[PDB]
Each structure stands twice: as structure tokens, then as C-alpha cells.
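Colleague: If you scroll down you'll find the structure; I have some questions about it.
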Amino acid sequence: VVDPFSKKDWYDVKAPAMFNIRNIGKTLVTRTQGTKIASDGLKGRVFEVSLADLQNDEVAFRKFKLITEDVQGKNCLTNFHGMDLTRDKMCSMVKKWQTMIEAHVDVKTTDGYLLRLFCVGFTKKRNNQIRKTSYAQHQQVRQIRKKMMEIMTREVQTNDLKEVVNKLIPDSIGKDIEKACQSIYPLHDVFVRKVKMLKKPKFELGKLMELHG
Amino acid sequence: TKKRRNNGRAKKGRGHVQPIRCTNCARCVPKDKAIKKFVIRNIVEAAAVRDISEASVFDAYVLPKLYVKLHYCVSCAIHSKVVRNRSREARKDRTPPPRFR
Amino acid sequence: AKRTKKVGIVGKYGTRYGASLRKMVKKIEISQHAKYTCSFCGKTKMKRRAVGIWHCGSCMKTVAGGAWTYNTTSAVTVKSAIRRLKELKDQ
Amino acid sequence: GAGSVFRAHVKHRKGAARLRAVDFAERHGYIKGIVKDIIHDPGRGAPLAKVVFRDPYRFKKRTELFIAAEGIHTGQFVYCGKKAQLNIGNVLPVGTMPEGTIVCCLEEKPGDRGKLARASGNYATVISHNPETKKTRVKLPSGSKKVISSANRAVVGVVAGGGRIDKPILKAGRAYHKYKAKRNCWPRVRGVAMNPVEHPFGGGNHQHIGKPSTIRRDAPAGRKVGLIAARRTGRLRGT
Amino acid sequence: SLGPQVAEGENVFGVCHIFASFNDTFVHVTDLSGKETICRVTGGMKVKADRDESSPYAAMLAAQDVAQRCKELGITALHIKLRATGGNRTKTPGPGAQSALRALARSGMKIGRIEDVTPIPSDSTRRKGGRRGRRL
RNA sequence: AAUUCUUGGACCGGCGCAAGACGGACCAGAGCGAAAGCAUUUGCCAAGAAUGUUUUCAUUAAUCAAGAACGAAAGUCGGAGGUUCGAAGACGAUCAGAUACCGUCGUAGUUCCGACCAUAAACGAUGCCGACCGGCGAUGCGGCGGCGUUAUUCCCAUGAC
């Protein structure tokens with residue numbers, strides 16, 4: 001003697017000031033009933049949303065994540081959780097006859113926000129090269145894997161979480177390796193290829209409202 | 001009596017190689033000996049590359065390909081006719097079949 | 001002149017107790033009564049005195065090791081695990 | 001075993017084995033004491049250790065009896081309190097010390113003088129932390145892990161006299177002398193080896209039991225004998 | 001079931017986790033996040049014969065009945081996250097992938113972002129079946 | 001098909017935690033090792049072949065009865081550990097009968113630390129050291145000669161072609 005899609009009222013979702021479009025979508029939860037509140041459970045989602053739809057006209061392969069840490073009332077504000085690239089895009093990249101060069105790190109920002117960053121690179125094969133392979137020797141390779149690491153920390157260590165999310169919209173870190181590896185071995189398809197949050201600093205409510213203002 | 005020079009497997013600097021599970025059966029097969037294939041494939045092949053394009057959102061869009069790496073044991077290969085038996089000189093031709101269309 | 005073809009200290013037991021306990025006693029009743037180099041002075045006279053409680057009879061220093069040998073085996077890497085959590089915190 | 005002829009044999013035994021108290025030192029800062037002898041006690045195949053701390057309100061020298069942690073030796077220094085350095089035989093509260101480190105003679109109540117992990121070859125490792133509540137998790141020897149009160153302490157290392165279950169006791173006497181320095185308990189007579197009136201299991205022609213050797217938890221005395229409240233029974237395979 | 005929206009220029013998005021192994025068909029519409037669930041139906045609900053529950057017709061009989069119950073709350077657009085059995089078994093998608101996705105392109109719904117979300121390992125627990133194969 | 005799980009909320013969807021395995025794609029008729037063999041990032045510790053040398057010793061070498069070091073996978077003896085798989089066993093289907101294939105569970109075993117055991121189509125079914133007797137197209141390591149693009153811009157020489 002019941003219809004289960006009456007006890008569900010349509011609220012709204014938001015994104016921070018660093019990305020372009022403000023309005024993502026909507027989400028539904030049950031009312032204040034028995035002993036559970038409609039603003040207690042609605043405080044830790046993950047929306048694995050792209051960038052193209054979040055912006056005007058971008059490269060779409062990057063994704064993002066935006067958890068709910070605060071609830072306004074008919075509006076769910078959001079907080080940082082992760083990056084990733086698209087399955088398809090990354091599978092395309094890996095090819096036979098070329099080395100691949102991964103490398104990772106656990107940095108911290110100045111504000112609490114602790115972060116694990118992955119990386120990746122592929123040796124390029126030039127225009128007039130007859131040679132089939134394009135392989136790179138061990139000791140060639142581990143001087144890239146130390147540069148990849150050196151460059152990631154420098155550009156996060158010294159400045160806060162609000163400034164290292166505006167270095168991943170194109171991929172700041174990405175092309176800045178490409179430039180500094182050339183004279184060791186030339187590689188092309190450089191990325192951060194996953195960025196993952198390991199810890200958070202305690203919730204202060206006014207901290208989140210200069211990101212929406 | 002000997003029939004092949006390189007005896008079913010690419011290996012001349014090693015002695016021992018690592019095993020791989022046949023993706024039709026589940027048999028162990030030596031990496032080198034295996035028959036491998038690589039598949040790249042849009043999620044729309046020929047029929048369904050028509051219905052979605054007129055009832056889709058984005059102005060000028062491209063759909064993703066689907067990338068698999070297969071691995072066959074010898075009789076898994078032969079049953080599913082990815083490969084044939086062959087005549088004695090013919091055998092030799094490591095020249096792969098022509099992919100024009 | 002070699003006097004026994006396989007029974008170490010365990011000639012002191014003859015036919016008693018059965019084969020595989022006499023083998024099992026040979027590995028503990030040779031290590032307990034040995035001597036060890038005192039790391040402090042350098043000499044070759046560590047030596048047990050009771051269950052897991054050892055004594056150099058030159059520089060009169062006294063240690064707590066294992067019941068039947070002078071280091072216990074993961075107390076050798078309990079020292080190399082506490083030393084390594086002195087690295088994690090101090091920065 | 002409820003009295004008279006049984007009660008534990010206490011004369012040649014050398015002290016009761018504890019931690020310090022606690023006081024303003026252990027509680028706001030740190031204190032140092034020196035080791036003066038490692039030392040054997042009976043009824044307890046593990047060594048103790050005297051430690052001359054100096055009393056901080058009168059001229060004196062206090063003197064304690066910890067449970068000796070392997071790797072300790074004589075003369076060496078023991079520095080302890082809420083600040084003191086995490087190395088070996090140096091005491092400080094679970095609140096402070098990091099995850100991964102091993103402990104001995106651990107406390108359960110804040111201030112109770114150490115009740116857990118003092119028999120030969122026993123630890124009480126630290127897992128996790130929650131500092132609103134002030135509570136801590138500690139995996140004890142039996143697989144389980146107590147929630148514990150975050151101000152309650154333990155000397156660092158693993159307990160001395162390690163590896164005693166190894167060696168086969170061979171002769172029956174070596175038992176006696178083991179169990180002649182504890183309590184009236186040994187050459188143990190089976191239950192089927194008693195008449196009708198002396199054990200419920202024994203009686204008649206053969207030497208059988210008759211009744212199943214599992215029994216209710218809620219029996220009375222005289223009966224609760226055997227495998228008590230027995231969750232399962234047989235040769236234990238798998239896990 | 002009446003969502004407040006601008007009547008002449010906004011379609012309410014979503015996501016569907018399209019599971020496609022060889023022995024059953026599944027379709028499962030959820031929110032943007034994926035946490036709740038709005039309209040779920042299998043090939044087993046529709047067709048009744050053990051061997052032909054995952055067949056391309058037993059994958060299309062389910063997808064129309066998604067969009068029947070998916071047009072009464074009033075959803076138009078949807079994101080997509082297709083599967084294939086995965087893990088340490090086959091990663092090629094089954095026969096309820098295109099006949100489940102192309103059916104809702106005819107049954108009054110819009111199509112958005114597509115990809116694969118098989119489980120895939122970096123490497124694996126030993127696989128079911130012997131060293132010697134699964135003879136047949 | 002059924003044994004097996006399910007309104008006692010199974011399957012598919014989420015956000016958490018926990019352990020016990022294995023190191024995908026990159027992976028090649030590429031590499032190193034005395035043979036078995038060896039693929040996640042850093043730190044450290046002894047070893048190695050090749051090339052380079054107008055350095056030193058001066059025949060110190062080759063092959064090897066007896067004797068010695070190492071020796072996949074299974075199999076043993078005592079702990080530590082038990083996710084997946086999985087000899088023995090229990091059922092469901094199959095067949096004239098199946099104590100065989102397949103299907104549902106599952107012990108010994110699968111994984112570490114300690115010591116035994118000494119065999120495999122342990123394969124190139126092909127003894128080790130030495131001289132000699134054709135032509136080419138690749139390839140890996142080291143050294144040398146030579147036009148011209150590219151990188152560090154400012155070019156010295158080091159990388160990349």
C-alpha cells in the first residue's frame with residue numbers, strides 16, 4: 001500500500017570557483033523519518049564528472065571527482081577528492097616498441113590536504129628515424145624517473161590545494177617535464193595519469209565559503 | 001624426426017619462460033609459444049553506428065574504442081579458425097596476411 | 001679417534017627417549033652451553049647462567065637474550081624495526 | 001584447586017613484577033633510572049630486572065622490578081615518561097608512541113601498573129588511533145584487539161626468556177621439578193581411572209566414558225568437567 | 001515523482017552501469033554519483049528459459065521496460081559505463097551490450113558519455129580451471 | 001539441466017575497512033646467469049662478461065678416474081600463515097556401465113623462516129679447449145671515424161636521430 005518515489009525531494013549540486021560551470025546536476029534522498037536525517041547521509045558522494053561538460057570546449061579525457069562535505073538546504077556544495085584520465089585514452093597510448101616511464105610520490109600541500117600523484121611518459125620516435133624500436137637504457141630511464149619526481153613536488157610542496165587544482169585543468173606539470181627531459185632522452189606523451197587524496201584536515205565551515213565567493 | 005626448426009616458440013637466450021592462461025580455455029601456455037591477437041573496436045561496429053548519432057547530446061562527438069589482447073593455445077586457435085595448418089615450404093611464410101579492408 | 005658416528009652430546013642418553021627426540025635435543029643442548037663473543041669487551045666468554053640470562057665473566061656485564069641462544073631471531077629485527085620508527089617521526 | 005594443600009609455593013621467588021607508579025614526572029615530563037641487575041625468579045621461566053630510580057621529593061633511591069625486555073644489559077640507562085625516547089626498555093604511553101612498534105608489560109587501565117604481556121615471549125602491538133575519545137586499538141596475543149584508553153603505557157621490545165616450549169622435556173622428573181617450583185598440580189590422574197563415586201566418567205567392565213564429553217555451560221559443579229561449552233570438536237583443519 | 005525544472009531547455013542527466021556477461025543481461029539506472037537506484041531490470045525478469053535469458057532479444061525486451069518506467073519520473077539524458085565479465089575471466093563484452101544500449105536510443109532517451117569499466121588486474125589470483133585446460 | 005545462494009534482502013549500484021596471494025598491457029626469435037633460472041619504486045653490499053691499454057708476471061696452461069659446490073615441480077620433519085586455486089573425499093548431470101570429460105563445494109597442498117631429498121623431453125634429444133673454409137640484411141654491449149637536423153641558448157661537450 002505504498003509508492004516509493006513520493007518520499008524523495010529534488011535538491012541541487014554545485015562546483016567550486018576554479019572550474020568553469022557552477023551547476024552539475026541533482027540528487028535524491030529520503031525525509032526525516034524513524035531516526036535518520038536528509039542532511040546527515042547526504043554528506044559524502046562522489047560524482048565522477050568530466051571536464052568538457054564542466055567547461056565550454058576542452059579536451060574531454062581528463063575527469064574529476066567532487067564529494068559533498070557541506071549541505072546548504074536545497075543545495076549540495078562540494079570538496080576535492082581526485083583526478084583520473086579516461087580508460088580509452090590511456091589504452092590507446094601504450095604501444096609496442098617504445099619504453100614507458102611511470103613514477104610516483106606522496107607530497108603534502110601547505111594546507112593540510114595530503115596527496116598521491118602518479119605520472120607517465122613514452123619515448124617518442126622521430127621523423128627521419130629508420131630505427132624500429134625507440135628503446136631507452138636503464139640509466140637513461142632512472143634520470144627521468146628522478147626528474148618526474150623532482151618536478152611534481154616543487155609545484156605542490158610550496159603552495160596550497162587551491163593552486164594545484166588550477167595546474168591540472170590542461171596539465172601544467174605535464175608539459176613542464178617534456179621540456180626538461182629532452183636532453184636526457186626525448187619523450188612526448190607526458191601526463192599526470194591519476195591523483196588521489198590520502199588524508200584531509202578537520203572541517204572548518206568558513207574555509208569552504210571563500211571557494212564559493 | 002624433425003619438422004620445425006624453431007620448435008613452436010621464440011626463445012634462444014633463456015632456458016625458461018613465464019606462463020599465460022588461454023582466454024578461451026584456461027590452459028597454461030608459454031608466453032612465446034602462444035597465438036596472440038590485438039583487437040581495436042568502436043563500441044558501435046556497423047548497425048548501431050546510426051541510431052545514436054541522431055539522438056545524441058554533443059555537437060560533433062566521437063565514441064571510444066574497445067582494446068583487448070587475446071592469447072590462444074594451439075588447439076584453441078585451430079578450432080576457432082583464427083589459424084590454419086599449412087604445407088611444408090608455405091609453412092615458412094612469417095609474412096602475415098594482407099589487411100586492406 | 002672419533003667416538004660417535006651421529007650422537008652429539010646425546011650419547012649422555014643412550015637408547016632412551018626414542019630417535020627423533022634425541023635428534024630434537026641435539027640442536028638445543030649444543031647451542032645453550034656454547035660460548036659467544038661479548039660485544040662490549042671483545043673476548044670469547046659469554047655464557048648462560050639460567051633461562052635466558054647471560055653473563056660475561058671478564059667485564060662483569062649481564063644481558064637478557066633468548067632462553068637457549070644469545071639473540072632471539074626477530075628480536076634481532078625488533079631492534080632494526082624500532083630504529084626505523086625513529087626515522088619516520090623525527091624528520 | 002580451591003585451597004590448603006595446593007596454594008602456590010612462595011619463598012625462593014624474587015618479588016612481584018610491576019611498572020612504576022605514575023606521578024607529575026611521568027605525567028608532565030620525564031625521569032631517568034639505571035639498571036643494576038638482571039636476576040632470575042622461580043615459578044616464572046623468564047628473568048626480572050632491578051632498576052634504581054632516584055626519588056624526587058626526599059633524598060633516596062627507589063628500586064623497582066620490571067619484566068626484562070630482550071636486548072637490555074646491565075649499567076644501561078632507562079629514560080621514561082610522556083616525552084621519553086622510543087628505543088628499547090624506555091617507557092611512555094600508547095598516546096605518544098607510533099604504529100608498528102612492539103610492546104611488553106602493557107597497561108589496560110591508566111595507572112594500574114601493567115597487567116598485559118609479561119610471560120616469556122608475548123607482545124601487544126599498536127594498530128590505530130582516534131584522538132577525540134582518546135582511545136586506541138591494541139592486538140593482544142590471542143588474535144583479538146582491545147580498545148584501550150590512550151594514556152596507558154608499555155615498555156618497548158619483546159619479553160625475555162624467549163623460546164621455552166621448544167625443547168622436549170624428556171624425563172618425567174624434569175616435569176616434577178618444573179611443577180615442584182609451582183603448585184600441587186602434577187602426575188595427573190584421568191577421570192575414567194576413578195570409581196563410580198570419585199569421577200562421573202569412570203566405572204564398570206571396560207575403561208570407557210559413556211556420556212558425551214561436551215557439557216552445558218550452565219551445569220553445576222561436579223559435572224562441568226570435560227569440554228566445556230564446546231563450540232566444536234575433532235581434528236582442527238582449514239583455519 | 002515531479003521534479004522542478006525549466007520546461008523548455010534542460011534534460012535531467014544520470015548514469016547506467018550496463019553489466020554484460022554471456023549468461024545474463026542487466027541494466028541499472030542510478031543518480032549522477034551512482035549511490036541510489038531508480039530503474040533496474042534484467043533479462044531474467046522478461047524471458048523465461050535458462051539458455052536464452054542473455055540473448056540479444058532477451059537483452060532488448062529488458063531495455064524497453066527500463067525506458068517505460070524511465071519516462072514516468074521524467075528522465076531524458078544519461079551517462080554510460082558499460083561492462084564485460086572481467087577480473088580474471090573474459091574482458092570482451094557479452095550479447096547484452098549493443099542490443100541493450102541501441103534499444104534505448106529508439107525508446108525515447110538521449111545518449112552521452114560512453115567507456116569501458118570492466119574490472120582488470122595489474123596481476124591476479126590464479127584462475128579457475130586447471131593447468132591442463134577445460135577440456136571440450 | 002540440476003546440486004548450490006535468495007523477502008532471514010541473494011545479484012547489480014556506494015562510500016568505508018581488512019587481510020592473503022600475483023606483478024597485466026609496455027614484452028621483442030631483446031637481455032644477464034655455471035645449470036636449474038631471473039620483470040613493482042628507492043637505499044645499500046659483495047660479485048660479472050665484453051670492450052679499452054706502447055701498463056706487470058713470464059709458461060704459471062688444456063682435458064679429467066676418486067672426491068667436492070649448486071640443482072624446477074612434486075614429495076618430507078617443526079614452526080609462522082591461511083585470499084585464490086586445488087590430488088583425496090562428498091554430491092549433481094552424463095552413459096548400456098564412468099569410481100572419466102563438464103558442473104557445486106572442499107582436505108593434504110598452493111605462500112613465508114628453518115633443515116632433508118638429488119631427479120625431469122634437467123632439450124639444441126647435438127662434449128669442452130684449438131685451427132681453418134663462402135655471400136648478404138637485421139640486431140645487443142663496448143671502442144673508433146664522419147656530412148647534416150634536434151636538445152640544454154651561449155655554445156664548450158655531453159644525450160637524442
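By convention here, the chains of the C-alpha cells are called A, B, ... in the order presented, each chain's residues are numbered starting at 1, and ligands are numbered starting at 1 in the order presented.
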Identify every residue of chain F that has at least one atom within 12 Å of any atom of chain C, counting only C-alpha atoms (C1' of nucleotides), and report the result as JSON, numbers by chain.
Modeller: {"F": [77, 78, 80, 113, 114, 115]}
Colleague: I need the chain B residues near chain E as a PDB file with N, CA and C atoms, in the first residue's frame; criterion: at most 8 Å, counting only C-alpha atoms.
Modeller:
```
ATOM      1  N   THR B  23      42.674 -17.673 -23.161  1.00  0.00           N
ATOM      2  CA  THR B  23      41.429 -16.894 -22.785  1.00  0.00           C
ATOM      3  C   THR B  23      40.093 -17.476 -23.298  1.00  0.00           C
ATOM      4  N   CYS B  25      40.006 -21.413 -23.263  1.00  0.00           N
ATOM      5  CA  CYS B  25      40.168 -22.395 -22.148  1.00  0.00           C
ATOM      6  C   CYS B  25      40.603 -21.693 -20.838  1.00  0.00           C
ATOM      7  N   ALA B  26      41.498 -22.321 -20.087  1.00  0.00           N
ATOM      8  CA  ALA B  26      42.296 -21.606 -19.148  1.00  0.00           C
ATOM      9  C   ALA B  26      43.686 -22.239 -18.998  1.00  0.00           C
ATOM     10  N   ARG B  27      44.124 -22.894 -20.058  1.00  0.00           N
ATOM     11  CA  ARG B  27      45.342 -23.691 -20.053  1.00  0.00           C
ATOM     12  C   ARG B  27      46.544 -22.790 -19.907  1.00  0.00           C
ATOM     13  N   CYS B  28      47.559 -23.295 -19.220  1.00  0.00           N
ATOM     14  CA  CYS B  28      48.834 -22.625 -19.177  1.00  0.00           C
ATOM     15  C   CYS B  28      49.496 -22.849 -20.507  1.00  0.00           C
ATOM     16  N   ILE B  43      32.710   1.066 -29.840  1.00  0.00           N
ATOM     17  CA  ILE B  43      31.511   0.448 -29.226  1.00  0.00           C
ATOM     18  C   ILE B  43      30.294   0.390 -30.190  1.00  0.00           C
ATOM     19  N   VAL B  44      30.394   1.060 -31.348  1.00  0.00           N
ATOM     20  CA  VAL B  44      29.473   0.878 -32.493  1.00  0.00           C
ATOM     21  C   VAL B  44      30.220   0.331 -33.746  1.00  0.00           C
ATOM     22  N   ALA B  48      24.723  -0.339 -35.261  1.00  0.00           N
ATOM     23  CA  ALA B  48      24.482   0.658 -34.197  1.00  0.00           C
ATOM     24  C   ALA B  48      25.293   1.965 -34.330  1.00  0.00           C
ATOM     25  N   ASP B  51      21.717   4.779 -35.126  1.00  0.00           N
ATOM     26  CA  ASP B  51      20.659   5.133 -34.142  1.00  0.00           C
ATOM     27  C   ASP B  51      21.054   6.213 -33.126  1.00  0.00           C
ATOM     28  N   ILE B  52      22.304   6.157 -32.659  1.00  0.00           N
ATOM     29  CA  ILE B  52      22.789   7.020 -31.571  1.00  0.00           C
ATOM     30  C   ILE B  52      23.135   8.441 -32.061  1.00  0.00           C
ATOM     31  N   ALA B  55      20.053  10.923 -32.096  1.00  0.00           N
ATOM     32  CA  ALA B  55      19.539  11.155 -30.741  1.00  0.00           C
ATOM     33  C   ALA B  55      20.699  11.168 -29.728  1.00  0.00           C
ATOM     34  N   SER B  56      21.660  12.072 -29.951  1.00  0.00           N
ATOM     35  CA  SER B  56      22.803  12.301 -29.039  1.00  0.00           C
ATOM     36  C   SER B  56      22.925  13.780 -28.644  1.00  0.00           C
ATOM     37  N   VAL B  57      23.706  14.043 -27.594  1.00  0.00           N
ATOM     38  CA  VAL B  57      23.778  15.368 -26.957  1.00  0.00           C
ATOM     39  C   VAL B  57      24.742  16.328 -27.673  1.00  0.00           C
ATOM     40  N   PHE B  58      26.022  15.959 -27.726  1.00  0.00           N
ATOM     41  CA  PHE B  58      27.100  16.896 -28.085  1.00  0.00           C
ATOM     42  C   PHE B  58      27.193  17.203 -29.586  1.00  0.00           C
ATOM     43  N   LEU B  63      32.984   8.510 -30.249  1.00  0.00           N
ATOM     44  CA  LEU B  63      32.791   7.423 -29.270  1.00  0.00           C
ATOM     45  C   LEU B  63      34.139   6.682 -29.039  1.00  0.00           C
ATOM     46  N   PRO B  64      34.292   5.950 -27.900  1.00  0.00           N
ATOM     47  CA  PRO B  64      35.568   5.292 -27.578  1.00  0.00           C
ATOM     48  C   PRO B  64      35.723   3.888 -28.181  1.00  0.00           C
ATOM     49  N   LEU B  66      37.397  -0.079 -28.074  1.00  0.00           N
ATOM     50  CA  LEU B  66      37.468  -1.111 -27.056  1.00  0.00           C
ATOM     51  C   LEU B  66      38.670  -1.995 -27.369  1.00  0.00           C
ATOM     52  N   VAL B  68      41.386  -5.012 -26.600  1.00  0.00           N
ATOM     53  CA  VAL B  68      41.617  -6.302 -25.929  1.00  0.00           C
ATOM     54  C   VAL B  68      42.875  -6.914 -26.449  1.00  0.00           C
TER      55      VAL B  68
END
```
Colleague: Check the DSSP output for the backbone and give back, as a PyMOL selection string, the residues of region 16-114 of chain E in strand (DSSP E or B).
Modeller: chain E and resi 16+20-21+24-30+39-42+79-80+82+111
Colleague: Got time to write the residues from that selection, C-alpha atoms, as a compact mmCIF listing (two decimals), in the first residue's frame?
Modeller:
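Saved result, result_10.txt, follows:
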```txt
# COMPACT_ATOMS: atom_id res chain seq x y z
CA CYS E 16 23.66 3.38 -16.12
CA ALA E 20 27.14 -7.73 -19.97
CA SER E 21 28.38 -11.27 -19.29
CA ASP E 24 22.62 -12.93 -18.16
CA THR E 25 21.53 -9.38 -19.17
CA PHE E 26 21.47 -6.46 -16.66
CA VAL E 27 20.57 -2.75 -16.88
CA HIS E 28 20.78 -0.46 -13.83
CA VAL E 29 19.93 3.29 -13.85
CA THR E 30 21.20 5.35 -10.87
CA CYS E 39 15.02 1.74 -12.52
CA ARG E 40 16.65 -1.75 -12.61
CA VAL E 41 15.58 -4.74 -14.76
CA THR E 42 17.27 -7.93 -16.05
CA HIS E 79 25.80 8.92 -18.94
CA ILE E 80 27.01 5.31 -19.65
CA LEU E 82 29.39 -0.49 -19.92
CA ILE E 111 22.97 9.19 -25.19
```
Colleague: Taking only C-alpha atoms (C1' of nucleotides) into account, report as a list in words which residues of chain F lie within 10 Å of chain B.
Modeller: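 Per the criterion, chain F yields residues 25, 27, 28, 29, 30, 31, 32, 33, 35, 36, 37, 38, 72, 123 and 124 of chain F.
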Colleague: I want to know what sits within 9 Å of region 60-71 of chain D, based on only C-alpha atoms (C1' of nucleotides), with residues of the same chain fewer than 2 positions away left out; could you give that as a PyMOL selection string?
Modeller: (chain C and resi 52+63-66+71-72+75-76+79) or (chain D and resi 15-20+38+46-58+73+88-89+104-105+118-119+155-162)
